[PDB]
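> would you be able to build a 3D model of this:
(chains A and B, ligands or ions: 1)
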Amino acid sequence: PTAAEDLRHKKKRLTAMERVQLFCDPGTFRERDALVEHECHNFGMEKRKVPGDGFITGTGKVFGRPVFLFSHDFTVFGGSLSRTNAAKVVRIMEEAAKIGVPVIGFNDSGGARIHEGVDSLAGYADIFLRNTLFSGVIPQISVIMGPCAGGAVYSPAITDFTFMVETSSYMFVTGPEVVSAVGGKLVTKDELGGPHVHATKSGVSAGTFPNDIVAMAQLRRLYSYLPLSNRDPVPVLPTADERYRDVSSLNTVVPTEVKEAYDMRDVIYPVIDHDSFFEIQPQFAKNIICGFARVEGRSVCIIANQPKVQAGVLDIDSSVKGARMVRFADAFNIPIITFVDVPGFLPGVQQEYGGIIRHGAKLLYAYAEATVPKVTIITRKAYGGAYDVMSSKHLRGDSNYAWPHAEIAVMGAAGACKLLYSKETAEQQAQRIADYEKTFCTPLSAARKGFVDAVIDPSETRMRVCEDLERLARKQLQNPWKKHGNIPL
Amino acid sequence: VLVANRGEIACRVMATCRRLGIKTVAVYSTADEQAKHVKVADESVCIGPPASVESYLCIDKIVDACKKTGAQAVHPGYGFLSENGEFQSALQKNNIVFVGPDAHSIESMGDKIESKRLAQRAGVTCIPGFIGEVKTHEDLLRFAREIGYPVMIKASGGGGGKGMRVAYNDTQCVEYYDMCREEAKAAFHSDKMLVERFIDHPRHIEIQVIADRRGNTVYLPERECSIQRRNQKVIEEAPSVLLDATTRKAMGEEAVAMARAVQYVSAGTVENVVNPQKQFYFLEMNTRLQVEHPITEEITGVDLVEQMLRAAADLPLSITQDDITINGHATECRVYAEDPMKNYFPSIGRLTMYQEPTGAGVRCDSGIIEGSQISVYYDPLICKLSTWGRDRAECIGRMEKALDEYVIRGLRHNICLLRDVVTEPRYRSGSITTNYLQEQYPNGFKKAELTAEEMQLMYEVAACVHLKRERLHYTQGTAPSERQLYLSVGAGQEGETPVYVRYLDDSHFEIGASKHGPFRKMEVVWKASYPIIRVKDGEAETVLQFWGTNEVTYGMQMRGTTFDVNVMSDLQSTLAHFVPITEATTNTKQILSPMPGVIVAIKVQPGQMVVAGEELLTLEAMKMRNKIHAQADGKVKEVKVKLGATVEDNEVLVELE
Ligand SMILES: O=CCCCC[C@@H]1SC[C@@H]2NC(=O)N[C@@H]21
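Numbers count the residues shown, from 1 in each chain, chains lettered A, B, ... in the order given. Please see the structure below:
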């Protein structure tokens, strides 16, 4: 019996129920509500009632841990929401708020249902309010499998992570018809809101998958990292890997020349456990890396610069990416580990015309507000305000480390030499820049002041990180009483 | 003593001293501050920039540096400027030991010419043939019949293989002489031809020699260097199959006789060419310390390093030809960073992501430790894998097994070629030739495929690994123990093979066709997220490797080759048919610079060949030199952006057409 799904598969596409079956465990899905009708009675809609009413909501179970989910249905009315569709979603989110369980939704709606009038707006508003209230209480993940237009786009935005499917998905606020009507330009749906556009240009989508099957397979892996609720502790899984594994290849990663580049992944991979990195937003703002990883069987958060791309310089997009990652990680009590290599901020008129001052402050706010244990490692250099922003010791950092060839200075040697000698005799470059770099572009001064705990061999990083992260397991820090902060938007 | 090399041999020397209780010193270049031989040494001194000239080749630095160690002797090594006069002269200026042969023998034998003179000095069965011009076809036929050889027609003034044709009969002799005279008159202005005993099919047998400054000269057992690519050898073996004492004893005696002839001290080695009729040809003799001796040392125990350093002090050896014997045979291979399947593309500048050497009853000499890199201006050799044995089958099987346990990550290599060559039944037949490689690899290189049972075993191991890694993620006792998987390699699911699994213990399963099917109870032992995977069904034993996965596709290595097996359940299998398979853009067009900057260095030339992975140029921006390369293409047609063109802004630096 394979009835009524032949029409769907013929278009090389899967069904909502099949997606739900693929996500959860083999036999642990219990559909909650299945016999519900729209009761519209307008515009010749009194007929063609549907039992499911276009939504599939249940409970399920992943890796032995509970979950909640819902999936849109494209065959029935195009997946449009109504006064009645939104009730099921509201009930699921409320139940997942009472119990410490997350929510995952597979969006496929074609837009609002016009035949209901303003009831669709009512349902949208209720879903928006539930998302707003419960953000930071239970993790929310959203996946977009098909078209997603109109005002329905906003609820995925408030969710913590949004993923996209490559061939047959798109998302935008207004359709290309209106764009043609007002501006006069003919742009296709994919050219407007395709997965690539949101992966590279707008920065909304947190990832892209080639197929639905791969999407489910990796969504399970992502779910294996998250904590169940706000009050539950960070999960710890058994692992045969051990902190005594030898990592001596880190002694040679940093080149002896100051103008040559290297890949920061060569430093990230040895420290964490084998094959346990899940990069977030891999194709957007490549000069910074963010993602999840495990250290001795417990999930941690990774944020590191990359001198491979644009000399590892902070920017607007990198600031937004890092700020969102830090805020999410702190909201759910996940340790943060950072690797620092920054020469400063990206210079340019477009930057000031785009508001670098606002955006660069977001990362600093996220780092200063955080109360989870932090570990910082300075590999090569840290200059100016970039050193302050990237989790400096003064921002209530727990432990800070440096490598023997690091440099921590106010600015580059040339600018310091220029400002320290206004009209000093010519040729001052040769006998002053070298001396200043020798005397003050070294971690000795910063260690004398007390800004780094110790200068360590690069081969001891795994040992130190495991020791510190084990000791810091029970830190309790609290901020002054506030209704909420006022972050620079 | 101080060494002069920076490869595996240097480590070997600083290792022989262990027993010899000899403190050692090792110099290095700037790039090699993290080489193993630096830390293995007792003392280290820098020799300037790592370019070859200043590095080690800078005699002045080296000889000058030889004034602080106190060492009364200094090894000459085997590479770089080893056994050199300009160097021997300098070391005898400061009156220090050379730990090597004497000058007169070295210049008398390593010289390109007059080697034939020493050869014919006592004849020593040197190249045979009519020594003179053949002015008539009658003379050519008569001298061909004299020895009935394949003629070996070669020009008197020609060299390098030009003007040579192989004649098997008299008519072939006449026709090939007619072609040879026409070729040589145009190419080398000489019509003078010579006829010599051509070899049916060569084996390039090599005979080892050792000696001493006092006496007790000994002949070491011979070796093999038949396999050769681009005049570089790959696989070696000391006791070749075509070994008769009638020849071999005379080979050793004649090698020793030639030794005292030029009063050679530190013998290099003797070269020969051998036909199925058991001949020998002493010429192309070597005067350098060949490092293929590990094989001989495995069949003898004759520590060449110890004996030569002992002879460097004017003492006789500790061994005589009377006790030298054979305890089996050994196989040795060389591991290159040369990517064979990709047109022998060189892969350099890649530190070892992570590597582990095979150490099961085998020997490995290498200078590349974990976290080490290979520059372009050096030898791309990785390791020198040699395994002891007594029987061909025994020694080979060992190599087979030892090849699969060599984990190399971070750069390519030629291990697949070595594996395929060893596994070939032609190689295990017993005899080979010097044209063996290109004879068995006509068009490029193509690795041999898998039989049905091997692919089935790979499927079974993949299913076991999938289940073992799956059980890790589950919490407490809420974990499964049995599934039914559908494995199919390839993007089109070629050969869907249903598989079961039961996981009766930690490292035991009950693999079968499906439910209610007979079970076999194999065994797999693998640490999560690690490379090596040991699996043993009954007696058979296999070792596979685990590269990575994306939870639907598994990257597993079988017989030194990468595959991507798909492990999916019933639902995933039945649904993967209804999935779009888009084709990525195949654009052969101009390449643009991603970001603004300055071009300071260029690598490729305008309108010539380009291959994948080749660096093209280097922009420098905000104090940082990048290096955009050629992802993949055959050639280009474009106009180069000149040096110092601070324009960029996503311009067309190179255009591919
Ligand atoms: O010396 C002149 C340019 C130096 C720029 C150094 C890097 S580029 C971006 C960042 N901003 C700075 O002030 N320094 C760094």
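> tell me the spacing between residue A:185 and the ligand.
36 Å (C-beta to the nearest ligand atom, to the nearest Å). Backbone N, C-alpha and C define where each C-beta goes, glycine included.
> show me the contacts for that residue.
residue A:179 (C-beta atoms under 8 Å, 6 or more residues apart in numbering or on different chains).
> next one: the one 5 residues further on
Contacts here follow C-beta under 8 Å, 6+ apart; on that basis residue A:190 touches residue A:170.
> before we move on, which element is it in?
For residue A:190, the host element (DSSP states H and E) is helix A:189-193.
> and the next helix or strand along the chain from that helix, what's buried?
As assigned by DSSP H and E, the chain's next helix or strand after helix A:189-193 is helix A:195-200. The neighbour-count check on helix A:195-200 (16 or more other C-beta atoms under 10 Å in any protein chain shown) flags A:195, A:197-199 as buried.
> isn't residue A:342 up against residue A:304?
No - counting by C-beta atoms under 8 Å, residue A:342 stays clear of residue A:304, with 10.4 Å between them.
> list the residues that contact residue A:362.
Counted by C-beta under 8 Å, 6+ apart, residue A:362 has contacts A:319-320, A:323, A:487-488.
> ok, so of these, who is nearest chain B?
Distances from chain B to the contacts of residue A:362, taken as C-beta to the nearest C-beta, are shortest for residue A:319 (17.8 Å).
> who's in contact with the residue in the stretch 251-400 of chain A that the ligand sits nearest to?
Using C-beta to the nearest ligand atom, residue A:344 is the residue of the stretch 251-400 of chain A that sits closest to the ligand, at 2.6 Å. Contacts for residue A:344 were tallied using C-beta under 8 Å, 6+ apart; they are A:313-314, A:383-386, A:411.
> who wins for neighbours among those residues?
The residue in these with the most neighbours, by other C-beta atoms under 10 Å in any protein chain shown, is residue A:314 (26 neighbours).
> got the residues of chain A near the ligand?
Applying C-beta under 6 Å from any ligand atom, we find that chain A lies next to the ligand at A:313, A:343-347, A:412, A:414.
> so which residues of the stretch 101-250 of chain A form strands?
A:103-107, A:140-144, A:147-148, A:161-165, A:170-171, A:207-209 (DSSP state E, counting those that start in this stretch).
> turn those strands into TSV, columns for mean neighbour count.
Listed next are the strands of the stretch 101-250 of chain A as TSV, based on neighbours: other C-beta atoms under 10 Å in any protein chain shown:
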stretch	mean neighbour count
strand A:103-107	23
strand A:140-144	23
strand A:147-148	24
strand A:161-165	22
strand A:170-171	23
strand A:207-209	21
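> which one, of these, ends up nearest to residue A:80?
Among the strands of the stretch 101-250 of chain A, the nearest to residue A:80 by C-beta to C-beta is strand A:147-148 (11.3 Å).
> mind listing what that closest one pairs with, with the direction of each?
Neighbouring strands of strand A:147-148 in its sheet, by DSSP bridges, are strand A:170-171 (parallel).
> can you list contacts of the partner strand?
In contact with strand A:170-171 (C-beta under 8 Å, 6+ apart) are residues A:144, A:147-149, A:153, A:156, A:164, A:189-190, A:192-195, A:198, A:204.
> burial count for the residue in the stretch 251-400 of chain A that chain B sits nearest to?
Nearest residue of the stretch 251-400 of chain A to chain B (C-beta to the nearest C-beta) works out as residue A:274 at 3.5 Å. Around residue A:274 there are 19 other residues, counting by other C-beta under 10 Å.
> go on, residue B:138?
Residues near residue B:138, counting by other C-beta under 10 Å: 10.
> buried stuff in the helix or strand harbouring it?
Element membership for residue B:138 (DSSP H and E) is helix B:137-147. For helix B:137-147, the neighbour count (16+ other C-beta under 10 Å) marks B:140-141, B:143-144, B:147 as buried.
> neighbouring contacts of that helix?
With C-beta under 8 Å, 6+ apart, helix B:137-147 has contacts from B:128-130, B:134, B:151, B:167, B:170, B:173-174, B:177, B:193, B:195, B:197.
> just to revisit the earlier point, name the member of the contacts of residue A:362 with the most neighbours.
Most surrounded of the contacts of residue A:362: other C-beta under 10 Å gives residue A:319, at 23 neighbours.
> I'd like to know which elements the helix or strand containing that one is packed against.
Per DSSP H and E, residue A:319 falls inside helix A:316-331. In this structure, helix A:316-331 packs against strand A:288-295, strand A:298-305, strand A:336-342, helix A:356-369, with contacts taken as 3 or more C-beta pairs under 8 Å, 6 or more residues apart in numbering or on different chains; DSSP states H and E.
> backbone phi and psi for the residue in the stretch 351-489 of chain A positioned nearest to chain B, please?
Here the stretch 351-489 of chain A gets closest to chain B at one residue, residue A:412, 8.2 Å apart by C-beta to the nearest C-beta. When read as degrees, to the nearest 10, the backbone of residue A:412 gives phi -60, psi 160.
> neighbours of it, how many?
What residue A:412 shows, counting by other C-beta under 10 Å, is a neighbour count of 20.
> surely it and residue A:418 touch.
No - applying C-beta under 8 Å, one finds residue A:412 not in contact with residue A:418, separated by 9.9 Å.
> what sits closest to the spatially most central residue of chain A if chain neighbours are left out?
Nearest to the geometric centre of chain A sits residue A:325, at 4.8 Å (C-alpha atoms, centre = their mean). Distances taken as C-beta to C-beta, 6 or more residues apart in numbering or on different chains place residue A:290 nearest to residue A:325, at 4.3 Å, with adjacent residues excluded.
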